[PDB]
Amino acid sequence: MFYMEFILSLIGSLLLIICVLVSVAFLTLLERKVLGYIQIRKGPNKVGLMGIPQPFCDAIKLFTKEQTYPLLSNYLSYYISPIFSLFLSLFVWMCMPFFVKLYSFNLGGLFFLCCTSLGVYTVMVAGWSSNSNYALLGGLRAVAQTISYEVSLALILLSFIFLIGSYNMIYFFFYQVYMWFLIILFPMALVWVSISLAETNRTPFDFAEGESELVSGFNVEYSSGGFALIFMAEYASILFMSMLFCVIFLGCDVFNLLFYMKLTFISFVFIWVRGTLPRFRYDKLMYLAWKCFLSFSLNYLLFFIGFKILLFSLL
Amino acid sequence: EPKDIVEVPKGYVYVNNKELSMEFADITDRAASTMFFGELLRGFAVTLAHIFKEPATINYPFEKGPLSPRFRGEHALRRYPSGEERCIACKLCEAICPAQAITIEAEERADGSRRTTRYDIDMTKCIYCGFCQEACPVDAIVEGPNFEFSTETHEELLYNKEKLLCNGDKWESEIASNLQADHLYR
Amino acid sequence: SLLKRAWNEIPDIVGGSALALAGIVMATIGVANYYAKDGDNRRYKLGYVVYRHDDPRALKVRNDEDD
Amino acid sequence: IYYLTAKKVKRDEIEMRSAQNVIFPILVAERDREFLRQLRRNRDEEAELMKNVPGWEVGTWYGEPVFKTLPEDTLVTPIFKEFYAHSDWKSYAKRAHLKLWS
Amino acid sequence: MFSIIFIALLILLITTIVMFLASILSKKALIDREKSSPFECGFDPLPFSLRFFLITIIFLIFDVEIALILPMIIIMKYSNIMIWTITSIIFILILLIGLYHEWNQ
Amino acid sequence: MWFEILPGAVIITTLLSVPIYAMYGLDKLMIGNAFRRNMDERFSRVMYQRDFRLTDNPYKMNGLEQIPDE
Amino acid sequence: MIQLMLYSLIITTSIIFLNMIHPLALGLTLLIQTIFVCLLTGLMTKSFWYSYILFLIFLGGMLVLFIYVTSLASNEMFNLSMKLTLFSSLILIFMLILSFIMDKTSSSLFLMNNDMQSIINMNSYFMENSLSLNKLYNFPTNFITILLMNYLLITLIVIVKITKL
Ligand SMILES: CCCCCCCCCCCCCCCCCC(=O)OC[C@H](COP(=O)([O-])OCC[N+](C)(C)C)OC(=O)CCCCCCCCCCCCCCCCC
Ligand code: SF4
Ligand code: SF4
């Protein structure tokens, strides 16, 4: 078996990991900048030139501060949550649709659901090992919302797989050669935005990891490098949700630069809803995840069952 | 126009007093705003329109925000144009100081003047209320324009008579301009 | 009435139920259109499929033009 | 518009499947010739290797035949471990681990 | 899949090496009694909840149910159409009737 | 004013454009063919196996010059 | 080779599962055993569908209940021992060098993959994960999956009654 396939797969995956990490740092810069411009105030400035090395000022500070612990005797379980969190956030990117072959993921949606189903696991070990009642409450709340929209996300992506006829992510490209799926799936676009802001903890679904009702949900005892790895993992999840919105709804367009312009625009939309919306409640979010989104998921899955049967007779 | 649940009187205004509309046009309008996020779209548009607004960030310290000639800052001891210190040790400022920061000890000088031997203001105790400059019969004690006087050390904010006299020597132009532009109000 | 109350309180579920009823109707329409013609005999077989002339399945092949 | 796009994707994959059906029988005949040749060398290698083990003849498990109730000249395909016997592990993982590596 | 193991082990190795070098680069001060304390706001300091457990159980039942909705995209071009439609309509309709019945009761 | 966001965003557009475009150079360097062979269908894997059987580089072409004159 | 590596990892995680007693630590050992079991069942099969199904159902779907119950059961932290880590590492390096000195052709599994099949096999070229999942949605075995969905609803009805809410 030809060895340059292994060599180029390794080089492409490591280049993807490096570029994703630097894009995470510049996404933190972009979020602090335009999130300021959501209000009247300016973003970061005055560090380096025009605030550009501000995430490197964050990275030098967070990798130097004292690694404190929630208890003094045994704290190796405190270490294993940001390692697995950053590992999953850098490991989920392997199911990106690459047209030049990197990994031939014939089942990419199942891989995405697997990594999202570990997201609950890394936040559960984040909550328990931090030895605080605020940490356990935030971990239970995050596990609650992420398994509540895991079922909804599985049904929404399962409705999307009926359109392309297979689980191969590159099959989203061939069915978008004439128009985007934003035209046909606009309530699904709004529902998928509500899904992608729920698995990754953002401001519309922030009762898990907010600064109001809790001081911090599961980052309350995490600092000095562990918080840096957790922050980078969460912003890599934001970047992955922006890419996965841009593949399914917007045309995959992997080569074109307009695809990455749209990916930066969907990241801008993620920071745009970061500054606008208030936060839902536990009871209203159980109402949203299990009744409204579930009923819409099953109903419009029935709609595509009927539509894919109707086109199968006509074709 | 929805009807009133409670009849609104003349001198009052009622909020959430409208009846919920039951005609099918208003029900379809509220249904489409619920389903298609119309009010969230208006909130997103109002939020996005503030990116194009001018930022109000005033770029400290190259550009500093507006002040007033009445502004209360660092306390300072003024002097006469001839050069004699203005403070006649009359102790109304310490009597009127509500946090009792001012400590005055006075002796007769060699020529027979009343001027102080000790005038200490605890700026960690001073509340910057400006009662001393109103209670000063001469214009001796004054609120200077300075507020960038943050100190590294707790003892450096214990202002002596020499520190107040040096503040009066340093800040005399702006203090005299504020007192010229503000004395007819007081 | 009853549909006005459901359209007032839960309009997304009413719209989803309308979509599901439409999908069920066009699913039955697609099943009837599939079985109205010879849908069990697909035009484009997978693999390499050959029949000799003595087989009964060779008389049921489709000679339609490519769409 | 999605119906038109799905029709275009369907005619593209039908074109690819028809090209695959064209390419297939030549490769089937080439595999047939190599499979018969490799079965001949595997039988010769098993015959020359087992010249010292008592009670062993080629093709049967110690005299007892493997398959009964069959014609005397029939052929069944040997399993992948027995066909890729008399060979190193690199030839086994050369074929068996193509999907698992990429 | 064998390349996926290698790249996942490399991501795990790189993250553990980065965290080990961060622990070396972290400023080591004197450890304290109060610094190791769990954080409760201000002054220093949960039972089993059944509602969250039945939330996890509802998630599990719907997850195993979704794992049977998953295969039928592939089977639609390789099965009997009437049987596939009857099973899919019956499957999602009984799911919807059960969801609405558990909502009403 | 508001164009200071574009320093923080366009760089995001560049970096994520790196891991494909460099490979679109790099597969043109050591392989010579810009696209690696798709391993989704089994027939593509069998024909890739046939190419790597025929030549030690599976992306090296066996054209009509391989056919002997007869 | 990597099948023998997964054998060694499953043996090591099973003997440390037998050794330890803290309930969240056994839950962590189960969640890291499920990954190796998923991969090792992926080595025998034509395609990785059922490993994914076992993954979503068992690890991400079911064991989170076990992790939650064992997290709220134990107040204390793990007492990590370097002796058990050293013994696990020593038996792991011993079993990997034992797999190095062992012939991997005789130790490989006889179950055929998608590429271990014959080239003239018509059924392998059609569609990945198509013919194996076909009997789920065809006559007369569709009654079992209808009964399975009904069984899951009836299971939820049982669970609400026995926990008493
Ligand atoms: C380029 C675009 C620029 C503009 C947009 C920029 C942002 C990008 C998009 C962001 C979207 C918002 C994300 C966060 C959302 C937060 C709010 C939220 O979750 O609200 C939940 C709310 C909650 O519902 P609710 O409002 O009923 O509940 C609250 C009220 N109580 C509790 C009293 C009942 O809405 C929904 O869940 C609506 C359902 C999903 C959407 C509708 C789908 C219906 C089916 C399709 C149509 C059916 C046919 C209709 C016609 C025929 C009728 C017979
Ligand atoms: S009121 Fe004025 S003049 Fe009198 S003692 Fe105080 S500072 Fe001196
Ligand atoms: S401003 Fe008020 S607090 Fe300060 S010295 Fe004058 S009287 Fe005292």
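Along the chain as shown, residues are numbered 1 onward.
Looking at the header, which is where the method is noted, we find electron microscopy, 3.3 Å.
Cβ from N, Cα, C; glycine included.
Counting residues of the domain '4Fe-4S ferredoxin-type 1' (B:78-107) by DSSP class, helix then strand then coil, yields 5 helix, 7 strand, 18 coil. Per Swiss-Prot, domain '4Fe-4S ferredoxin-type 1' is recorded for B:78-107.
Feature annotation from Swiss-Prot assigns [4Fe-4S] cluster 1 binding site to B:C87, B:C90, B:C93, B:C97.
Per Swiss-Prot, the feature domain '4Fe-4S ferredoxin-type 2' maps to B:117-146.
Around the Cβ of B:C132 ([4Fe-4S] cluster 2 binding site), a 10 Å sphere holds 22 further Cβ atoms from the protein chains shown. For the recorded site, B:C132 ([4Fe-4S] cluster 2 binding site), the DSSP three-state label reads helix. Look at Swiss-Prot and you will find B:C126, B:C129, B:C132, B:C136 tagged as [4Fe-4S] cluster 2 binding site.
When the Cα atoms are compared, B:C93 ([4Fe-4S] cluster 1 binding site) and B:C132 ([4Fe-4S] cluster 2 binding site) turn out to be 4 Å apart.
With a cut-off of 8 Å between Cβ atoms, the residues of this chain six or more beyond the domain '4Fe-4S ferredoxin-type 1' (B:78-107) that come close are 113-123, 125-127, 129, 131-132, 134-142, 165, 168-169, 172, 175-176. Around B:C87 ([4Fe-4S] cluster 1 binding site), taking its Cβ as the centre, 26 other Cβ atoms fall within 10 Å, counting all chains. When the binding-site residues B:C87, B:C90, B:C97 are screened for a C-alpha within 10 angstroms of the C-alpha of B:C132 ([4Fe-4S] cluster 2 binding site), the residues that qualify, in sequence order, are B:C97. When the Cα of B:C87 ([4Fe-4S] cluster 1 binding site) is compared against those of the binding-site residues B:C126, B:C129, B:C136, the shortest separation belongs to B:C136.
Between the CA atoms of B:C136 ([4Fe-4S] cluster 2 binding site) and B:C97 ([4Fe-4S] cluster 1 binding site) there is a gap of 11 Å, rounded to the nearest whole number. A C-beta separation below 8 Å, combined with a sequence spacing of at least six in one chain, links B:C129 ([4Fe-4S] cluster 2 binding site) to B:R72, B:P98. For ligand 2, the binding-site residues lying close by, meaning a CB under 6 A from one of its atoms, are B:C93; the full candidate list was B:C93, B:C97, B:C126, B:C129. Checked against ligand 3, the binding-site residues B:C87, B:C90, B:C136 give no residue with a Cβ under 6 Å from it.
The Cβ centroid of B:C87, B:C90, B:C93, B:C97 marks the [4Fe-4S] cluster 1 site; residues of that chain outside this set whose Cβ lies within 8 Å of it are B:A89, B:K91, B:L92, B:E94, B:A95, B:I96, B:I102, B:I104, B:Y119, B:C132, B:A135, B:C136, B:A140, B:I141, given in sequence order. Taking the Cβ of B:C97 ([4Fe-4S] cluster 1 binding site) as centre and 10 Å as the limit, one finds 21 other Cβ atoms among all the protein chains shown.
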